[PDB]
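See below for the structure under consideration.
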Amino acid sequence: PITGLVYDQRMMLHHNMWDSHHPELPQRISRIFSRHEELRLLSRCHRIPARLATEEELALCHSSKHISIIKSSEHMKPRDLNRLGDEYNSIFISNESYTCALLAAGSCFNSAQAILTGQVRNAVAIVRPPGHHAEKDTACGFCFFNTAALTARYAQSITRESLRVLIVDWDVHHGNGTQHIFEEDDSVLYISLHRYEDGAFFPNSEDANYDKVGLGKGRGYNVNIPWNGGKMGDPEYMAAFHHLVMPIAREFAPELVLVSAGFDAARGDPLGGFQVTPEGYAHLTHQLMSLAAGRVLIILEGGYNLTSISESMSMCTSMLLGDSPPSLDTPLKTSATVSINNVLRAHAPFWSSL
Ligand SMILES: [K+]
Ligand SMILES: [K+]
Ligand SMILES: [Zn+2]
């Protein structure tokens with residue numbers, strides 16, 4: 001009954017060499033790690049080693065062009081790093097970025113392998129840079145390679161090709177790259193909750209709306225839960241899990257759960273504007289633990305208030321370790337009722353549980 005934990009200080013080497021205060025900070029991961037130490041969660045976990053992803057593994061989801069361009073940045077002079085970063089939507093690059101992206105993905109592969117070999121029941125991955133905005137062919141939104149999507153394909157590569165992987169993306173932003181990578185796929189169920197604001201919120205695409213349900217054999221296996229016009233928090237997220245996430249997930253019957261666990265919907269985040277609490281994140285984690293015989297891998301995505309992400313992800317690890325769910329302190333914001341009902345209208349044709 002072991003919980004794994006992967007953390008490697010070398011992932012702090014990725015940095016913004018022009019803006020030391022850019023919110024995707026190296027100390028995001030060291031702060032989360034430190035809070036696990038203070039709460040004495042670290043010694044209750046088995047340490048899973050980091051490793052570099054291989055180029056062959058990156059090619060599970062990304063084009064060889066994209067791999068080669070990010071790879072080339074390791075030897076790039078500052079002016080060229082600045083210019084290359086500016087060719088993407090919201091990317092900064094340093095000479096260490098490629099290696100850190102490789103480390104984040106490989107750390108998650110090792111964690112998924114530890115779960116799927118029965119060496120640990122579940123695991124938490126304290127990694128950066130994040131992944132869920134990265135597309136097959138391009139970097140986006142602080143993300144170079146799509147760690148969670150690659151981990152889903154990696155898991156299938158060591159088990160069977162059609163292994164049912166659920167990805168729950170509770171980062172406040174839509175994971176455009178994860179949706180696109182699996183949009184035609186019925187073996188990977190993508191469920192995202194995100195601030196949407198009728199397409200005005202990053203990443204600024206109507207691809208994130210509730211009516212994008214998947215394509216081809218993937219029709220029904222893409223679930224977007226978009227928030228509009230309100231400061232959403234625990235009641236809205238609990239209601240979305242109750243009416244949507246958990247009924248769909250149970251019907252899908254995943255063999256592995258990956259959480260694209262951004263903590264930028266947390267109270268205090270400078271970018272998300274929401275107010276999910278650490279206790280809320282613990283309850284979402286505990287609900288997901290009922291799936292896939294407990295095989296849950298929690299993967300850090302966004303989240304930019306250092307205190308908020310440290311308390312929030314530590315509470316998630318406490319849940320993985322088997323601790324009792326904390327006590328939770330309200331009627332939904334009206335637009336959140338509308339959002340949930342819109343998703344129910346979009347997906348009840350595909351899911352008998354709805
Ligand atoms: K999301
Ligand atoms: K899908
Ligand atoms: Zn985010």
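We label chains A, B, ... in the order they appear in the structure tokens, count residues from 1 in each chain, and number ligands from 1 in the order shown.
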Can you list every residue in segment 74-119 of chain A that DSSP puts in helix (DSSP H, G or I), as a PyMOL selection string?
chain A and resi 74-75+78-86+97-116
Taking only C-alpha atoms and all ligand atoms into account, produce a table as CSV in which each residue of chain A with an atom at most 10 Å from an atom of ligand 2 appears once, together with its shortest atom pair and the distance in Å to one decimal, ordered by chain and rising number.
```
residue,atom,partner,partner_atom_place_in_ligand_line,distance
A:165,CA,ligand 2,1 (K),9.6
A:166,CA,ligand 2,1 (K),8.9
A:167,CA,ligand 2,1 (K),9.1
A:178,CA,ligand 2,1 (K),8.6
A:179,CA,ligand 2,1 (K),6.7
A:180,CA,ligand 2,1 (K),8.2
A:181,CA,ligand 2,1 (K),7.9
A:182,CA,ligand 2,1 (K),4.3
A:183,CA,ligand 2,1 (K),4.5
A:184,CA,ligand 2,1 (K),6.0
A:185,CA,ligand 2,1 (K),4.6
A:186,CA,ligand 2,1 (K),5.4
A:187,CA,ligand 2,1 (K),6.9
A:188,CA,ligand 2,1 (K),5.0
A:189,CA,ligand 2,1 (K),4.6
A:190,CA,ligand 2,1 (K),5.2
A:191,CA,ligand 2,1 (K),8.5
A:213,CA,ligand 2,1 (K),8.3
A:214,CA,ligand 2,1 (K),6.1
A:215,CA,ligand 2,1 (K),8.2
A:216,CA,ligand 2,1 (K),9.8
A:217,CA,ligand 2,1 (K),8.8
A:218,CA,ligand 2,1 (K),5.2
A:219,CA,ligand 2,1 (K),7.7
A:220,CA,ligand 2,1 (K),7.6
A:221,CA,ligand 2,1 (K),4.3
A:222,CA,ligand 2,1 (K),4.7
A:223,CA,ligand 2,1 (K),8.3
```
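Those protein and nucleic acid residues that have any atom within 7 Å of ligand 1 are, using only C-alpha atoms and all ligand atoms, residues 169, 170, 171, 172, 173, 174, 175, 192, 193 and 194 of chain A.
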Which chains and residue numbers are within 12 Å of ligand 3, counting only C-alpha atoms and all ligand atoms, if I want them as a PyMOL selection string?
chain A and resi 23-24+90+129-133+140-143+169-176+192-196+201-203+260-266+269-274+300-305+309
Between atom CA of residue 60 of chain A and atom CA of residue 127 of chain A, what is the distance in Å, rounded to a tenth?
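About the pair atom CA of residue 60 of chain A and atom CA of residue 127 of chain A: they are 19.7 Å apart.
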List the neighbours of residue 16 of chain A out to 12 Å using only C-alpha atoms; skip same-chain residues closer than 2 positions along the sequence, and give me the result as a list in words.
residues 12, 13, 14, 18, 19, 20, 21, 22, 23, 24, 25, 26, 78, 81, 82, 85, 90, 91, 92, 93, 94, 95, 96, 97, 129 and 142 of chain A
Correct to one decimal, the distance atom CA of residue 311 of chain A-atom CA of residue 268 of chain A is 11.5 Å
Atom CA of residue 2 of chain A and atom CA of residue 119 of chain A, how far apart in Å?
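Result for atom CA of residue 119 of chain A versus atom CA of residue 2 of chain A: 7.6 Å, one decimal.
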Excluding same-chain residues fewer than 6 positions from residue 334 of chain A, what lies within 12 Å of it counting only C-alpha atoms, as a compact mmCIF listing (two decimals) with C-alpha atoms, in the first residue's frame?
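Saved result, result20.txt, follows:
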```txt
# COMPACT_ATOMS: atom_id res chain seq x y z
CA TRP A 227 -16.76 27.88 -16.49
CA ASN A 228 -18.13 31.31 -17.38
CA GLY A 229 -18.76 34.54 -15.50
CA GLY A 230 -18.01 33.49 -11.94
CA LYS A 231 -15.30 32.97 -9.34
CA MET A 232 -15.61 29.21 -9.11
CA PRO A 235 -19.02 23.85 -4.59
CA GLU A 236 -18.73 24.08 -8.36
CA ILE A 340 -22.97 21.52 -15.85
CA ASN A 341 -26.35 21.24 -17.59
```
Contacts of residue 292 of chain A at 9 Å (only C-alpha atoms; same-chain gap of 2+ positions) as a PyMOL selection string:
chain A and resi 250+253-257+288-290+294-296
So that I have them on file, write out the residues from the current selection with C-alpha atoms, as a compact mmCIF listing (two decimals), in the first residue's frame.
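Result went into result00.txt, see below:
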```txt
# COMPACT_ATOMS: atom_id res chain seq x y z
CA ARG A 250 -16.98 4.93 -13.58
CA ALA A 253 -13.82 1.98 -16.15
CA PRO A 254 -10.23 3.23 -16.57
CA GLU A 255 -7.26 0.98 -15.93
CA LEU A 256 -5.09 4.01 -15.04
CA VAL A 257 -5.96 7.54 -13.91
CA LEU A 288 -10.53 9.72 -8.14
CA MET A 289 -8.90 7.14 -5.89
CA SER A 290 -12.10 5.06 -6.23
CA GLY A 294 -6.64 3.12 -6.97
CA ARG A 295 -4.07 3.50 -9.78
CA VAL A 296 -3.78 7.31 -9.71
```
Looking at A:138, A:124, A:35, A:114, which one is nearest to residue 70 of chain A, with distances taken over only C-alpha atoms?
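So, comparing all the options, the nearest one is A:138.
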